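Colleague: Below you will find the structure I want to go over with you.
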Amino acid sequence: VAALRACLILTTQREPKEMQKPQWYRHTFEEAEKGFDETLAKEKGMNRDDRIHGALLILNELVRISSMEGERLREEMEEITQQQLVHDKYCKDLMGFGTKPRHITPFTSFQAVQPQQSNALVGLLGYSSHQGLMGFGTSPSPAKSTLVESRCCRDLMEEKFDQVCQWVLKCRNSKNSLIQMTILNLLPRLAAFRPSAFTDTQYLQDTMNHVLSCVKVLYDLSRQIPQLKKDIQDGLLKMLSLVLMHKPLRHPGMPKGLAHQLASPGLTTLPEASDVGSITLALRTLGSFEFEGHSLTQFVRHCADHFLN
C-alpha cells in the first residue's frame, strides 16, 4: 500500500501558501487516488481539505464519487465518510447519500447500525425515511455498550422542525434504556438534546435518574458533566440536589470538579444566600489557583452578589 502511506506524508506535513499552481496539482493526486479500489484510500485521500475548498471540477467527482454511493469505503471508514459528505454547496451529493449511512442504520451491520448516525447530526438529513432513519433506532432503543455509537445519535440525529413524533420518541423511548445500568451511558441519552427539549415527561423523570447517577473520572465527570443535561425548563428541583450533589463533591477535593462544576450554574440557582454563604465560602477560598482556571473563574465569575465576590 504505497499510495496509502506515500500521499499522507503530504497530508500530515501539509505546506502552504507558496505555490499557486503546484499545490492545486498536489491536491488532485491526493484526491485522485481515492476514486478506486482501496477502501482505506477511498476514505484516506480526500480527508483533509477539510481546509481547503476541493471545489475544482475534477475533485468534484472525487467529491461526487465519494459523495455518490458511497459504500464502500467500509464500515469503520464510513465514519470518516459520514462527515466526508461536504457542506453545504452539494445539495444532491448529501441528501442522496443520507439513505446509505442510514441504511447502515436501517438494517444489518450492527456496528454501522450503532456507529454511524453520530455523524450528521449536523447536518439535517430531511429525507423522510432518513428522518425516520433517525426514527427507526429510537425503538432500538439501545442496549449493549454500543450506546456511545447510538444514544449520542438520537439527539443530534434529530432534524427540525418537521415533526417531533420522530423526535420526542426518545422522550418516550430513549428514557427507557438509560436509567437501567450502563452508568457512563446515562450521559449518552441525557446529555443530548441538549438543544432541545431534554426535559419531558419521561426524560425529566430520568433527569432524576441521570442525576441519581451522581456518586461522589466518573466520580468527577458525572458530577458536572451531568449538569450539561441540566436543561430547561421543567425541573427546578433536581438542579437543587444537583446544586447539593454539585456542591457536596465540589467543596470536597478535586476542584477540577468545579472546573466543570462552576461553568455550569451559571444557570442557575447556585448564587443563593446559601451560596452567598457557600459559594462565597467557595469564592472565599478563592481557588484553586491555576490560570485557565483563573480565567475559568472569570469565565464564570458572576455578580451582583457582592462587591467582595
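Each chain of the C-alpha cells is named A, B, ... in the order shown, its residues numbered from 1; ligands are numbered from 1 in display order.
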Report the closest atom pair, with its distance in Å rounded to one decimal, for each residue of region 175-277 of chain A that has an atom no farther than 12 Å from region 162-170 of chain A; count only C-alpha atoms, sort by chain and then rising residue number, and write it as a tab-separated table.

Modeller:
residue	atom	partner	partner_atom	distance
A:175	CA	A:170	CA	6.4
A:176	CA	A:170	CA	8.7
A:177	CA	A:170	CA	10.1
A:178	CA	A:170	CA	10.8
A:188	CA	A:170	CA	11.9
A:189	CA	A:170	CA	8.4
A:190	CA	A:170	CA	9.9
A:192	CA	A:170	CA	10.4
A:193	CA	A:170	CA	9.8
A:195	CA	A:167	CA	11.9
A:196	CA	A:167	CA	10.0
A:197	CA	A:168	CA	8.2
A:198	CA	A:168	CA	9.1
A:199	CA	A:168	CA	10.4
A:200	CA	A:168	CA	8.4
A:201	CA	A:168	CA	9.9
A:202	CA	A:170	CA	9.1
A:203	CA	A:170	CA	8.2
A:204	CA	A:170	CA	11.7
A:206	CA	A:170	CA	11.8

Colleague: Can you list, as JSON, numbers by chain, every protein, DNA or RNA residue that comes within 12 Å of residue 304 (chain A) when you count only C-alpha atoms, leaving out same-chain residues fewer than 6 positions away?

Modeller: {"A": [271, 272, 273, 276]}

Colleague: Export N, CA, C and O atoms of the chosen residues as a PDB file, in the first residue's frame?

Modeller:
ATOM      1  N   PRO A 271     -26.097  30.880  43.066  1.00  0.00           N
ATOM      2  CA  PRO A 271     -25.721  32.063  43.851  1.00  0.00           C
ATOM      3  C   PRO A 271     -26.832  32.559  44.762  1.00  0.00           C
ATOM      4  O   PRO A 271     -27.129  33.753  44.819  1.00  0.00           O
ATOM      5  N   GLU A 272     -27.429  31.633  45.496  1.00  0.00           N
ATOM      6  CA  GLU A 272     -28.368  31.933  46.553  1.00  0.00           C
ATOM      7  C   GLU A 272     -27.619  32.384  47.802  1.00  0.00           C
ATOM      8  O   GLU A 272     -26.400  32.239  47.910  1.00  0.00           O
ATOM      9  N   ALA A 273     -28.364  32.983  48.736  1.00  0.00           N
ATOM     10  CA  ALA A 273     -27.783  33.356  50.022  1.00  0.00           C
ATOM     11  C   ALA A 273     -27.004  32.209  50.652  1.00  0.00           C
ATOM     12  O   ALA A 273     -25.987  32.437  51.317  1.00  0.00           O
ATOM     13  N   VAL A 276     -24.324  32.504  48.713  1.00  0.00           N
ATOM     14  CA  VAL A 276     -23.764  33.696  49.331  1.00  0.00           C
ATOM     15  C   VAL A 276     -23.103  33.314  50.643  1.00  0.00           C
ATOM     16  O   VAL A 276     -22.169  33.981  51.099  1.00  0.00           O
TER      17      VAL A 276
END

Colleague: Identify, with DSSP run on backbone atoms, the residues in region 125-279 of chain A assigned to helix (DSSP H, G or I), and express the list as a PDB file with C-alpha atoms, in the first residue's frame.

Modeller:
ATOM      1  CA  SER A 128     -38.487  11.029   5.373  1.00  0.00           C
ATOM      2  CA  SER A 129     -37.124   7.501   5.806  1.00  0.00           C
ATOM      3  CA  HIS A 130     -33.855   9.220   6.706  1.00  0.00           C
ATOM      4  CA  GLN A 131     -35.700  11.463   9.131  1.00  0.00           C
ATOM      5  CA  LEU A 133     -33.822   6.734   9.791  1.00  0.00           C
ATOM      6  CA  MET A 134     -33.193   8.750  12.891  1.00  0.00           C
ATOM      7  CA  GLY A 135     -36.648   7.444  13.838  1.00  0.00           C
ATOM      8  CA  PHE A 136     -36.101   3.720  13.251  1.00  0.00           C
ATOM      9  CA  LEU A 147     -24.565   3.320  23.459  1.00  0.00           C
ATOM     10  CA  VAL A 148     -21.585   5.543  22.584  1.00  0.00           C
ATOM     11  CA  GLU A 149     -22.477   4.741  18.992  1.00  0.00           C
ATOM     12  CA  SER A 150     -26.247   5.400  19.255  1.00  0.00           C
ATOM     13  CA  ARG A 151     -27.525   7.255  22.294  1.00  0.00           C
ATOM     14  CA  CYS A 152     -25.453  10.353  21.344  1.00  0.00           C
ATOM     15  CA  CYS A 153     -27.012   9.974  17.901  1.00  0.00           C
ATOM     16  CA  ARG A 154     -30.618  10.339  18.948  1.00  0.00           C
ATOM     17  CA  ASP A 155     -30.443  13.990  19.901  1.00  0.00           C
ATOM     18  CA  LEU A 156     -28.427  15.495  17.102  1.00  0.00           C
ATOM     19  CA  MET A 157     -29.833  12.746  14.904  1.00  0.00           C
ATOM     20  CA  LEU A 169     -39.960   9.295  20.675  1.00  0.00           C
ATOM     21  CA  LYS A 170     -36.674   9.425  22.571  1.00  0.00           C
ATOM     22  CA  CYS A 171     -38.591  11.121  25.378  1.00  0.00           C
ATOM     23  CA  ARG A 172     -40.995   8.200  25.170  1.00  0.00           C
ATOM     24  CA  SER A 174     -34.821   6.637  24.938  1.00  0.00           C
ATOM     25  CA  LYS A 175     -35.906   7.267  28.505  1.00  0.00           C
ATOM     26  CA  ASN A 176     -36.271   3.541  28.971  1.00  0.00           C
ATOM     27  CA  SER A 177     -32.729   2.199  28.353  1.00  0.00           C
ATOM     28  CA  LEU A 178     -30.597   4.770  30.205  1.00  0.00           C
ATOM     29  CA  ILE A 179     -31.889   4.558  33.839  1.00  0.00           C
ATOM     30  CA  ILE A 183     -23.505   4.199  34.050  1.00  0.00           C
ATOM     31  CA  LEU A 184     -21.272   6.285  31.762  1.00  0.00           C
ATOM     32  CA  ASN A 185     -24.064   5.777  29.237  1.00  0.00           C
ATOM     33  CA  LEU A 186     -26.755   7.821  31.008  1.00  0.00           C
ATOM     34  CA  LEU A 187     -24.670  10.622  29.636  1.00  0.00           C
ATOM     35  CA  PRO A 188     -25.301   9.400  26.120  1.00  0.00           C
ATOM     36  CA  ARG A 189     -29.078   9.749  26.112  1.00  0.00           C
ATOM     37  CA  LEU A 190     -29.446  12.504  28.676  1.00  0.00           C
ATOM     38  CA  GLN A 205     -38.105  11.670  35.076  1.00  0.00           C
ATOM     39  CA  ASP A 206     -34.642  10.401  34.200  1.00  0.00           C
ATOM     40  CA  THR A 207     -33.254  13.844  34.879  1.00  0.00           C
ATOM     41  CA  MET A 208     -33.775  12.338  38.298  1.00  0.00           C
ATOM     42  CA  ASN A 209     -32.119   9.065  37.300  1.00  0.00           C
ATOM     43  CA  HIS A 210     -29.429  10.719  35.216  1.00  0.00           C
ATOM     44  CA  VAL A 211     -28.879  12.830  38.357  1.00  0.00           C
ATOM     45  CA  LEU A 212     -29.301   9.737  40.540  1.00  0.00           C
ATOM     46  CA  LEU A 218     -16.838   9.040  36.870  1.00  0.00           C
ATOM     47  CA  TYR A 219     -16.923  10.410  40.427  1.00  0.00           C
ATOM     48  CA  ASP A 220     -15.587  13.624  38.852  1.00  0.00           C
ATOM     49  CA  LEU A 221     -17.181  13.772  35.400  1.00  0.00           C
ATOM     50  CA  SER A 222     -20.698  12.556  36.213  1.00  0.00           C
ATOM     51  CA  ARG A 223     -20.969  15.332  38.811  1.00  0.00           C
ATOM     52  CA  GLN A 224     -20.507  18.229  36.405  1.00  0.00           C
ATOM     53  CA  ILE A 225     -20.857  16.543  33.020  1.00  0.00           C
ATOM     54  CA  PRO A 226     -24.388  15.614  34.076  1.00  0.00           C
ATOM     55  CA  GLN A 227     -25.087  19.294  34.634  1.00  0.00           C
ATOM     56  CA  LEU A 237     -35.935  20.620  41.920  1.00  0.00           C
ATOM     57  CA  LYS A 238     -33.256  18.213  40.672  1.00  0.00           C
ATOM     58  CA  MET A 239     -30.918  21.061  39.831  1.00  0.00           C
ATOM     59  CA  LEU A 240     -31.039  21.682  43.641  1.00  0.00           C
ATOM     60  CA  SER A 241     -29.792  18.194  44.554  1.00  0.00           C
ATOM     61  CA  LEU A 242     -27.604  18.925  41.543  1.00  0.00           C
ATOM     62  CA  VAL A 243     -26.791  22.096  43.459  1.00  0.00           C
ATOM     63  CA  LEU A 244     -26.362  19.885  46.552  1.00  0.00           C
ATOM     64  CA  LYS A 247     -21.554  21.406  45.796  1.00  0.00           C
ATOM     65  CA  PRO A 248     -21.275  18.406  48.067  1.00  0.00           C
ATOM     66  CA  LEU A 249     -18.411  16.942  45.969  1.00  0.00           C
ATOM     67  CA  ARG A 250     -17.331  20.412  44.823  1.00  0.00           C
ATOM     68  CA  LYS A 256     -11.439  20.159  38.678  1.00  0.00           C
ATOM     69  CA  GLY A 257     -14.913  19.051  39.622  1.00  0.00           C
ATOM     70  CA  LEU A 258     -15.537  22.805  39.860  1.00  0.00           C
ATOM     71  CA  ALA A 259     -13.543  23.278  36.657  1.00  0.00           C
ATOM     72  CA  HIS A 260     -16.652  21.790  35.082  1.00  0.00           C
ATOM     73  CA  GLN A 261     -18.970  22.338  38.082  1.00  0.00           C
ATOM     74  CA  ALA A 273     -27.783  33.356  50.022  1.00  0.00           C
ATOM     75  CA  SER A 274     -26.720  29.808  50.911  1.00  0.00           C
ATOM     76  CA  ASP A 275     -24.066  30.130  48.226  1.00  0.00           C
ATOM     77  CA  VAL A 276     -23.764  33.696  49.331  1.00  0.00           C
ATOM     78  CA  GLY A 277     -22.708  31.586  52.220  1.00  0.00           C
ATOM     79  CA  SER A 278     -21.247  28.571  50.460  1.00  0.00           C
ATOM     80  CA  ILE A 279     -20.126  29.672  47.004  1.00  0.00           C
TER      81      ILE A 279
END

Colleague: Quick one: pull the distance between CA of residue 1 (chain A) and CA of residue 52 (chain A), Å, one decimal.

Modeller: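 Separation of CA of residue 1 (chain A) and CA of residue 52 (chain A): 25.7 Å.
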
Colleague: Counting only C-alpha atoms, which residue out of A:2, A:85, A:300, A:245 sits closest to residue 38 (chain A)?

Modeller: A:2

Colleague: Counting only C-alpha atoms, which of A:6, A:255, A:139, A:303 gets nearest to residue 286 (chain A)?

Modeller: A:255

Colleague: Extract, using only C-alpha atoms, all DNA, RNA and protein residues at most 8 Å from residue 296 (chain A), discarding same-chain residues fewer than 5 positions from it, and format them as a VMD selection string.

Modeller: chain A and resid 259 263 291 301

Colleague: How many Å lie between CA of residue 34 (chain A) and CA of residue 75 (chain A), rounded to one decimal?

Modeller: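 Separation between CA of residue 34 (chain A) and CA of residue 75 (chain A): 16.4 Å.
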
Colleague: Hey, can you check how far CA of residue 97 (chain A) sits from CA of residue 115 (chain A)?

Modeller: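 A separation of 16.1 Å between them.
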
Colleague: Write out as a list in words each polymer residue whose atoms come within 12 Å of residue 60 (chain A), counting only C-alpha atoms; drop sequence neighbours fewer than 2 positions from it.

Modeller: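 My reading of the contact set: residues 28, 31, 32, 35, 46, 53, 54, 55, 56, 57, 58, 62, 63, 64, 65, 66, 67, 68, 85, 86, 89, 90 and 93 of chain A.
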
Colleague: Next, the residues of the selection above should be written as an mmCIF file, in the first residue's frame with N, CA and C atoms.

Modeller:
data_model
loop_
_atom_site.group_PDB
_atom_site.id
_atom_site.type_symbol
_atom_site.label_atom_id
_atom_site.label_comp_id
_atom_site.auth_asym_id
_atom_site.auth_seq_id
_atom_site.Cartn_x
_atom_site.Cartn_y
_atom_site.Cartn_z
ATOM 1 N N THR A 28 -4.906 17.416 -6.159
ATOM 2 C CA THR A 28 -5.553 16.420 -7.005
ATOM 3 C C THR A 28 -5.021 15.010 -6.763
ATOM 4 N N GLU A 31 -6.536 13.428 -3.627
ATOM 5 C CA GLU A 31 -7.875 13.051 -4.051
ATOM 6 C C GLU A 31 -7.868 12.008 -5.159
ATOM 7 N N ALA A 32 -6.996 12.157 -6.160
ATOM 8 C CA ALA A 32 -7.012 11.315 -7.350
ATOM 9 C C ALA A 32 -6.930 9.830 -7.046
ATOM 10 N N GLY A 35 -10.453 7.594 -5.778
ATOM 11 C CA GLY A 35 -11.542 7.116 -6.631
ATOM 12 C C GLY A 35 -11.472 5.656 -7.043
ATOM 13 N N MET A 46 -9.197 12.122 0.298
ATOM 14 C CA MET A 46 -9.796 13.457 0.294
ATOM 15 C C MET A 46 -9.709 14.139 1.631
ATOM 16 N N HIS A 53 -10.808 24.291 -0.365
ATOM 17 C CA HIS A 53 -12.181 24.016 -0.825
ATOM 18 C C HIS A 53 -12.459 22.656 -1.452
ATOM 19 N N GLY A 54 -11.587 22.159 -2.348
ATOM 20 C CA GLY A 54 -11.787 20.957 -3.172
ATOM 21 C C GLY A 54 -12.639 21.245 -4.404
ATOM 22 N N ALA A 55 -13.071 22.500 -4.566
ATOM 23 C CA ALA A 55 -14.146 22.856 -5.490
ATOM 24 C C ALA A 55 -13.775 22.746 -6.977
ATOM 25 N N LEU A 56 -12.537 22.384 -7.317
ATOM 26 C CA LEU A 56 -12.172 22.239 -8.721
ATOM 27 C C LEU A 56 -12.995 21.133 -9.373
ATOM 28 N N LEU A 57 -13.131 21.216 -10.700
ATOM 29 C CA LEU A 57 -14.064 20.357 -11.422
ATOM 30 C C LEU A 57 -13.716 18.877 -11.319
ATOM 31 N N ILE A 58 -12.424 18.516 -11.341
ATOM 32 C CA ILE A 58 -12.069 17.101 -11.210
ATOM 33 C C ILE A 58 -12.342 16.565 -9.807
ATOM 34 N N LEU A 62 -14.291 13.357 -7.278
ATOM 35 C CA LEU A 62 -13.806 12.808 -6.017
ATOM 36 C C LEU A 62 -14.758 13.165 -4.884
ATOM 37 N N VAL A 63 -15.311 14.378 -4.913
ATOM 38 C CA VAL A 63 -16.485 14.657 -4.100
ATOM 39 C C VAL A 63 -17.668 13.813 -4.548
ATOM 40 N N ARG A 64 -18.039 13.887 -5.835
ATOM 41 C CA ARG A 64 -19.153 13.083 -6.342
ATOM 42 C C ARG A 64 -18.987 11.617 -5.975
ATOM 43 N N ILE A 65 -18.010 10.938 -6.584
ATOM 44 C CA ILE A 65 -17.803 9.513 -6.335
ATOM 45 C C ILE A 65 -17.799 9.168 -4.856
ATOM 46 N N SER A 66 -17.212 10.016 -4.033
ATOM 47 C CA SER A 66 -17.191 9.821 -2.600
ATOM 48 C C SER A 66 -18.173 10.687 -1.864
ATOM 49 N N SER A 67 -19.065 11.346 -2.583
ATOM 50 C CA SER A 67 -20.417 11.600 -2.121
ATOM 51 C C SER A 67 -21.470 10.802 -2.886
ATOM 52 N N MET A 68 -21.066 9.835 -3.723
ATOM 53 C CA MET A 68 -22.037 9.065 -4.506
ATOM 54 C C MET A 68 -22.739 7.945 -3.746
ATOM 55 N N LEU A 85 -19.024 13.760 3.447
ATOM 56 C CA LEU A 85 -20.051 14.350 2.605
ATOM 57 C C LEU A 85 -20.048 15.845 2.895
ATOM 58 N N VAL A 86 -19.764 16.644 1.875
ATOM 59 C CA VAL A 86 -19.317 18.010 2.108
ATOM 60 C C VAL A 86 -20.518 18.895 2.426
ATOM 61 N N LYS A 89 -22.480 23.135 -0.129
ATOM 62 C CA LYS A 89 -22.611 23.521 -1.537
ATOM 63 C C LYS A 89 -23.194 22.377 -2.366
ATOM 64 N N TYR A 90 -23.020 21.138 -1.911
ATOM 65 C CA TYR A 90 -23.584 19.986 -2.606
ATOM 66 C C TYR A 90 -24.962 19.692 -2.030
ATOM 67 N N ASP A 93 -25.384 15.620 -3.581
ATOM 68 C CA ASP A 93 -24.364 14.731 -3.041
ATOM 69 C C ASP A 93 -24.480 14.514 -1.537
#

Colleague: Would you mind telling me which residue in A:298, A:137, A:83, A:15 lies nearest to residue 158 (chain A) when using only C-alpha atoms?

Modeller: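 Nearest candidate to residue 158 (chain A) out of A:298, A:137, A:83, A:15: A:137.
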